[PDB]
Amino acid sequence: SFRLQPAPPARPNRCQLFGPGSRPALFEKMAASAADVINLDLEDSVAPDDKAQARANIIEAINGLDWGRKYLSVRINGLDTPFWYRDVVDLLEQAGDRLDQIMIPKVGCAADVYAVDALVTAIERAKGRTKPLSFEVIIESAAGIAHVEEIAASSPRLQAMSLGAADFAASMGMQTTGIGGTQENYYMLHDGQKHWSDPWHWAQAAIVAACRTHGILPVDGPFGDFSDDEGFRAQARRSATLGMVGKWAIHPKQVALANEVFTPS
């Protein structure tokens, strides 16, 4: 089109704070946090038996709580589960206009996003919803990274893409520990001395390139070690250096760390 890359969404995304839908007592705290994006979770932080109740809890929270200027997103279950369709139907039929975004996990190709888009669009039209939802996806599988560009171009709704390093590692068969960060066995040996390198380099850089090509925000995923502030800082700094615009917080203390690294200047 003889201008370069499309501009990404202008909204801040320095930090996405996650909380399980099964704990409504956390919602007001999340709303009061310094996080730019709130992720209410129906997926991995919620046991299968609790998913139906968590779904109801989230719908009530969306309709009943003051979320301020925060971007409100919900991580639904995967398309390889029986839960995902009910997540989408109930959310789009019952949740009010305050809902901003849906997060789709384990995306492995463009058609996965198209599928959710097909369903979401129909319900929006059926219910006469005035504010169209945006999409964000998680790259957390071999298929996801292998198909990262087609996924980035898969929907006009798409605004963000996250790397889920833990589930990515599991999918890739990576012999890693914890969630993200330095890996003990990934180092170069030179004259008896060890130098640790970045085992996530390609996955992060490819995600960034795919996102920037198609006007999407690339985002860094969870970091597991809550007691390692400097580990988080290093991980976030690497991601920012590679072009990512923010990082998940799965613990309240991580929000300040993410804001420290990702706030522009």
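Numbering starts at 1 and follows the sequence shown.
Participant: Taking the recorded C-alpha temperature factors, which stretch has the higher mean, 243-251 or 19-27?
Facilitator: Higher mean C-alpha B-factor in the PDB entry: 19-27.
Participant: Between 146-154 and 78-86, name whichever shows the higher mean Cα B factor according to the PDB entry.
Facilitator: It is 78-86 that shows the higher mean C-alpha B-factor.
Participant: So among 192, 173, 180, 105, who wins on Cα B-factor in the entry?
Facilitator: That would be 192.
Participant: Select one of 140, 97, 112, 136: the residue whose C-alpha shows the highest B-factor in the crystal structure entry.
Facilitator: When the deposited C-alpha B-factors of 140, 97, 112, 136 are compared, 97 is largest.
Participant: Could you tell me which third, lowest, middle or highest, the C-alpha B-factor of residue 202 occupies within its chain?
Facilitator: Its C-alpha B-factor, which the entry lists for residue 202, ranks in the lowest third among residues of this chain.
Participant: Going by the CA temperature factor in the PDB record, which third of the chain does residue 220 belong to: lowest, middle or highest?
Facilitator: Within its chain, residue 220 is a lowest-third residue by C-alpha B-factor, going by the deposited values.
Participant: Classify residue 55 as lowest, middle or highest third according to the C-alpha B-factor given in the PDB entry, relative to its own chain.
Facilitator: According to the entry, residue 55 has a C-alpha B-factor in the chain's middle third.
Participant: Comparing against every modelled residue in the chain, figure out the third that the C-alpha B-factor of residue 184 lands in (lowest, middle or highest).
Facilitator: Its C-alpha B-factor belongs to the highest third of this chain's values.
Participant: Using only modelled residues of the chain, where does the Cα B factor of residue 91 rank: lowest third, middle third or highest third?
Facilitator: As the PDB entry reports it, the C-alpha B-factor of residue 91 lands in the middle third of its chain.
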